[PDB]
Every structure is written in C-alpha cells, then in structure tokens.
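Shown next as structure tokens: one chain only, the form deposited in one PDB entry.
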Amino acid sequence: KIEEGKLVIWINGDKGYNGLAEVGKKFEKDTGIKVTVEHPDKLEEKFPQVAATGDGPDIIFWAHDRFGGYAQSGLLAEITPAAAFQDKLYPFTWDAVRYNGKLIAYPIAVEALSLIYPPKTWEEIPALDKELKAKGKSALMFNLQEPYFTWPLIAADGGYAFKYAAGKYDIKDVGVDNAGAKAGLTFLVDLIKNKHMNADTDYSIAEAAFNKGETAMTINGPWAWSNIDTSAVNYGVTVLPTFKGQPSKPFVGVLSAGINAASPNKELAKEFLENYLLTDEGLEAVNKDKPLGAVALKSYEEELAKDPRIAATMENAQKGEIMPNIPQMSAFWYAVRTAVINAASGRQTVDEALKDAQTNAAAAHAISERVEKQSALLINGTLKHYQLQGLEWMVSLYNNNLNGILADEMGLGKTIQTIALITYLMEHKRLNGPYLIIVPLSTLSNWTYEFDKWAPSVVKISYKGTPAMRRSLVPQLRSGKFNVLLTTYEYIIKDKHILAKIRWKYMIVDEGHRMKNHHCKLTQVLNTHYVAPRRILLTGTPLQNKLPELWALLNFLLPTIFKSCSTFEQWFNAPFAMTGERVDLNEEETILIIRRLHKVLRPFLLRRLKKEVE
C-alpha cells in the first residue's frame, strides 16, 4: 500500500538519484522520518496505475507536461506554498505546474534548446555558409527529421501549437497555418534548396558533424554537452537567433516534484520539498550527482548563471514557451513531423504541408488509442474485424470527449458493438459508473438477453413493469450496485422524478431502424432533466438530407449549445436577424445548410454497409 510516517520518492535513472538520497538522509538525520529514493523502469507509466489504486510513491519527479494527465485524473495533490516561498522561484515555472488554476507540483529544473558554436539573426546565416563552404565545412547542421528542433523558427514570427487562454489551452485554436508559421517554415526550406542545409540530416549526422569539426553551429540541448565535452571541441552555448526582430521560441521542459493525493504524508512532503530540497544546498546536492542545468530557484540559478551555458539554457527558456500539459500534443507533433519533412523534401509546398498539419492537429479524434483485442469481460463470442474497428472508434469518442452516432446497417451487431464498449470501459478504464441504455420495446428483451450471453459480469437493471414493480427497483438504483440500466423511452419521460436523479456516465439511445416523433419528446426531457456527459446514438439510417432531422440529431449530440434556441429557423437566421426581420429559409439556403452540417458531423458518425463487410 502507502506507508505513513515515511516518504517514498520516484525519480528517473538519468537524474541525480544518489544525490537526492543524501538530502533524504539529512532529512531523516534531523527529523527521524525515513526517506526512500527509487528509480523504477517506466515510472511515468507505472505511476497512473498504482496511484489509481491508492498505492505507489508519496512524491514523483518528472517533466510538468506528463503531470497534466495525472492532474486531470486527480492523482496529484494541490500543493499549498505560501506567497513568500512562491517568490523564491521564477513565476513562469509555476505556470508550468498550474492545472485548472491549481499548483499541482513544485518546479525543480528547466531545459530548452540552445545555439551551440555569433549570428544574432537567422537572416545573417545564408552569408555565413558561403564562407564556411569555401574552407571545406558548413555553418549549421541540426536534426531536421524531428519537429522539436525545427519548431523554434516556425514559432518565432507568429507560430504556436495551442492558444493559451485564461487558465487553459484551446485545442481548437491551433497556429500551424498563420503568417508567422509560414514565414518561418519558408525560411527553413529556402536554406535547403540553396544547398546550405541537407533535408536528409538526422540526429546521428548532425551530432557526428559538430563533433568531427565538420560544422560551425548546431542546435541541441544539455544532453548533448556530455558527448561534445568528450570530443574536445572548443564549443560555446548561447541564445537562439532572432527571426524578423522577434526571438526564437523553443519548448520549455520543467522537471517537477508532484505529491500523490493517496499519500497520508502530504504535510511531510511539503516540509521536505520546501525546506530541504528547494534550497541552494538541497539543489546543489542533486546537481553534484547529475547536473540540473537551469533551476527554478532564483538564488541557486544566479550562482549557476556564472557558467554561460546555464545562463543560455535559461535565456532561451524565458524567451520561449512552456510545453503544453495536454494529450492533444501527440497529434500536433505527428502533424508537424510530416509537415516539415514534406515541405523541405519538396513533396509539398509550405502553404500545402502546413494546411494539412493545421487540419490534423485540430482534428476531433486527436487522442489515439489502439484496440488490438476485445475486453476480457466480453466472452461467448469473438468480435469481428469491423466490430473491433467500431469499438476503437467508440473508445476514441470517449477519449476525445465526443458524442457520436453508430449508423451501421441493421444486423451488423451494433448491440454487440455497444456491449463491447461498456466491457472495455470497465476492463481498461475505471468506468463502472451508471450506464443508461434507451432501447425500443421490441428489442428490449434481445438487449437483456445479448448482455447475458456476451457479458454476464455486467449487473443490469431492467426498468420495466407495473407502477409497483418499478417502485420495487428504486432501492437497488439508490445503492448504485448495478452497472447498466435498460429501459424504454416512456419510462424516461414518465419516471423522470426517479431516473433523472442519477449521474449517468455514458448514455445510449438506440432508435432501431428509423427515428420517430417520440424520440424528440425523449430528448426534450433528457436535455432539461438528465445529467449525462457522454452520449451515443444507434441508428439504422444514414445521415439524412433533411434539415428538421439534422436539427434533432444536433440537439441530441450538443444538448448545451441549443438551450435558448428552440427551432432551426431561429438558429440559422441568427446572422440575418439584426433588423428584426422574420423570414424562413428557402430551397437553396437550406441545401447549403444541409451540406455544411454533413461536413461538420462527418467525424461523429460511423456507418458500414453489409455489401462492404462479410
């Protein structure tokens, strides 16, 4: 479990773990509290597993970005340092450990990419290579294949990953396509076509070139310094050049110390971190085992700044931007990796490659999660290839906080595909919470039966019967002992005073073949009185070319957005109602509205036909 009156700390093997242990020994010496320092293999991967249990370490040491995921799950505690302690650390480092307006960790170290040799501007480098190539060398050689290294000039003029709003990042405000991003990336390909730089240059080539004295400059980080020290090159470290009178913005990696929320030793971790480790002597002890580069502590940074290399990694960091703590970043990197490659290799123009990457980073199904096999709780049958493909798309809906439509033709096992989602959300996620399933009366008994065949594990209630029979089910609900609740549309409408009181995790409505008039009265109640974030619709029809049906589908998928607006006429006339004119849509206007809604809903519907399956 998680032992009281003691401290267990996890830090990576590539860090000053033995140095940190001495700070722990000094803590035990003065207080009596034992401090255990461990470096487990893939600790960033083991931490979310053990912390969800209520086990693992009291303190975790990792970069602030991975801490964003843990903070969302609620695995890390809201740290409570006084104003006076916060004033000791650089204010920007606290922003790296802020999640939903809460300090979730104590910043330790700081890392950013640096210019290693100087050219004050990027613009002055084409000239410099002319000289160096006459002498038999090259002015610059860095890893181009990876977007982490190429990004600082792209971000310089105006480029950005996600726009940082008041407190949070916007995963829809992506700046891979603006004037700035294009200006920077055009300059990069300019240098490639002028033969100053080669597009085939990777990490191994860029490194071996600077070490063998073949190139005058390179862009890397502190991790390289060790391998260049052993190369006897008279290298220096400075700030990255200014593009268009604006500085280059590299990504800032802040080593942080996070407190586990399952730990009974929270005040002990505050005392050890604030008073033993986040001190000049405390950081110095770690820095002696394995250097920390720049540090968040003003006092110890001013002293380390005597070394120009450390004052450099700190100049770059203050001028750059901190790495976003959100999982959407994986889609942004996979976008800009291929964007930069294609542009430079000539396979796409700058304006083309960036257009795609901007579309791909802002895509709804940003977070990817492979589904190889089905859930263990799903037995007495094996899910077909398209049915597994359907489970992967439905988990992607849950992962990216999207509502969706499974419009597969009747008899494609939508029922089994739904059942398979619930089982995977229990096996691989801790989502056992109440599931609402609204089915047609005709197939109610087939749903209760299919659950019995495929997932006997899943304890379900069947909200059906005479008034007295339903009143009998009331206590089992209040317990929350159940996993699923199956019912017809009439009991959602009639027995709202009992069913609306539950905090439904996921909610599923199966309309069968076609939707009916009573499906809208059902959603009118569902929207007003019921609480369910995630929603899924099971239909047999494809996306209709009728505005009333699309209006309905919209109110089912986005219940919040259509509060004040009752009709599609009021909704789509809104940009034209400034004069108080009341005119309905016409044939043409309506065709274009249908067209746009089909484009808008495209990533929320999954349909397969029988002729393309088998």
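We call the rigid core the largest set of C-alpha positions that still match within 1.5 Å between the two forms. Residues that one form lacks are left out of the comparison. When you see a residue number, it is the position in the sequence shown, counting from 1.
Keep in mind that the form deposited in another entry is missing from the display, and what follows is about it.
Core-based superposition between the shown form and the other one leaves all of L522, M329, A77, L499 but one with CA shifts under 2 Å; the exception is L522.
Taking the rigid core as fixed, one finds a CA shift for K453 smaller than 2 Å between the shown form and the other one.
Once both forms are fitted on their rigid core, the CA atom of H513 lies 2 Å or more apart between the shown form and the other one. In the other form, the separation between the C-alpha atoms of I502 and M515 grows by 3 Å or more relative to the displayed form. Closer approach of the C-alpha atoms of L597 and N517, by 3 angstroms or more, is seen in the other form than in the present form. Identified as moving between the shown form and the other one on the superposed core is the stretch 513-526 alone, made of at least three consecutive residues whose Cα atoms shift by 2 Å or more.
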